[PDB]
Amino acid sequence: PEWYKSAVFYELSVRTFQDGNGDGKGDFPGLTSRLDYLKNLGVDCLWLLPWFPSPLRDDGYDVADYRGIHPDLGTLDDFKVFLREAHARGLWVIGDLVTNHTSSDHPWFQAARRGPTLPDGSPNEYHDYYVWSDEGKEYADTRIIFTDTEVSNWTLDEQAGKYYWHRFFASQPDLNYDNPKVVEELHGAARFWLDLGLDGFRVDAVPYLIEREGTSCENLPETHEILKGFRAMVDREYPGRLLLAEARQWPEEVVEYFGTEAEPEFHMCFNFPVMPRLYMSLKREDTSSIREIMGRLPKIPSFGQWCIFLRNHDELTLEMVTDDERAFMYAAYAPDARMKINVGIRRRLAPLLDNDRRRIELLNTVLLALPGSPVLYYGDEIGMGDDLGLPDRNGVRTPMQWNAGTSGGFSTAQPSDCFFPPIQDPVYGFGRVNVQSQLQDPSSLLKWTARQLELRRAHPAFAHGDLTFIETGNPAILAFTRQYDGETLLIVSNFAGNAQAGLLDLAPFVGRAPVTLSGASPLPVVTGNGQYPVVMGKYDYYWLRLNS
């Protein structure tokens, strides 16, 4: 069983996790000091957000050199030391491979915008690196992903006197995947890092690579043909290593990015479609939305493994839901206008659940109990909040809060001089929410989280089991099984804020004794026709074993 199947991932922005030189910006020297924390929390893989040189207009997803380390974060040596030390400790590391586009400041585009043919008469290698147009009329019927900023997907470079394509920001010019030179250019970039010992990538914005006139330009098969090339490259050149796709898409298109047994594609994809239904079912006290969405997920290849997440560095995306659901979400979870952005809500996990421990522990159990490898977003293990006064998605990207000293331990510089200012308010401020406190608090959320991860660690049916929903007779109770290697788990959870009664249909399991995973307290043995009755308190989760 491959390593990425049993792994727990944890996502972080180097620039915001821990600064080590008082300049007010996170860095690899500082990240390297903290590796002990992550490891003993129960994290196996780190996934760092982009670390490359870049004018930082989409926080360094606008890459200006693929083989660099942004000055801010340290040097290539620091990076190597970081890597060596993660590895020393049993930690895997992966990064973000930004494939669909670069910054407008990349030397490549600086050459491209000269003209189609060089002033000395000769032709320009770099102009057919990008995607140009004269009138800029192609690919209408194409959505504008950054709706609150971009009015079109073609913009007008003056130096070139033509239009260029960008699904994202104007300064993030899209890369021409019809030019096979460009495919070799990125093959280089991935070799570069993989040679250093990096254990994989999360690859970014992958549906949008190839663009055909008369289609939406998402999930095209040519796109997939390209990706197939990369996984081919890795399957040959670097056995073991991981490829992980971000695809914000409906469930039938999302599965496509695993490929087939015969034509393998990605090792992992994020389960984007389950994550909103989690929040929705919460507010509706109705888990149906969850059952439907999981029931629309085909078997994936032997090698595939789902990637499960609650939140991340981005807005809670609501693009891939019906209009009716979208509006309902906004009213229930985004009452103020500055809580919205693009087609999504820009908030951290805890503020979304109104800082309610009970609801928080609940939705983390379901993150753990589903089929996949879970990824934690940094700071949510201690219950960090947001600063909605920061532009774009910066309010969920504040500094990690280590203790109650200056800037919460992230830096010796005053908050004002940090790159993003650490939360100081009475509820979510570092005064009250920080790691050092919760390493001393016996009942803290951090201890709770460490202690539950460990519990999942001791049962592999979580990581590797099959799944099968149960009948509860009550939409607020959601039950399912996980079997793997002789182990049958029964996970029941109550999405209602008050007590709820179910009748569980355990017909398949007649004669078996249920017991608690924690302490094996015995429950009555299934009998009769196997209709097991239950009552459940507000937001309870029962994690169970069935013994034959």
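Residue indices: 1-based, along the sequence shown.
Chemist: Higher mean Cα B-factor in the deposited model: 516-524 or 30-38?
Modeler: Mean C-alpha B-factor is greater for 516-524.
Chemist: Do the C-alpha atoms of 228-236 or of 271-279 have the higher average B factor in the entry?
Modeler: If you average the C-alpha B-factors of 271-279 and of 228-236, the larger mean comes out for 228-236.
Chemist: Among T215, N403, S289, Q438, where is the Cα temperature factor highest, going by the PDB entry?
Modeler: Of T215, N403, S289, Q438, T215 has the highest C-alpha B-factor.
Chemist: Go through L316, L118, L446, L349 one by one and give the residue whose Cα B-factor in the PDB entry is largest.
Modeler: Max CA B-factor in the entry, restricted to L316, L118, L446, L349: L118.
Chemist: Compare the C-alpha B factor of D134 with those of the other modelled residues in its chain, then answer lowest, middle or highest third.
Modeler: Highest third.
Chemist: Based on the entry's values, in what third of the chain does the Cα temperature factor of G20 lie: lowest, middle or highest?
Modeler: Lowest third, going by the recorded CA B-factors of the chain.
Chemist: What third of its chain, lowest, middle or highest, does the C-alpha temperature factor of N179 fall into?
Modeler: Highest third - that is where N179 ends up once the chain's C-alpha B-factors are sorted.
Chemist: Comparing against every modelled residue in the chain, figure out the third that the C-alpha B-factor of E325 lands in (lowest, middle or highest).
Modeler: According to the entry, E325 has a C-alpha B-factor in the chain's middle third.
Chemist: Classify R248 as lowest, middle or highest third according to the C-alpha B-factor given in the PDB entry, relative to its own chain.
Modeler: According to the entry, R248 has a C-alpha B-factor in the chain's highest third.
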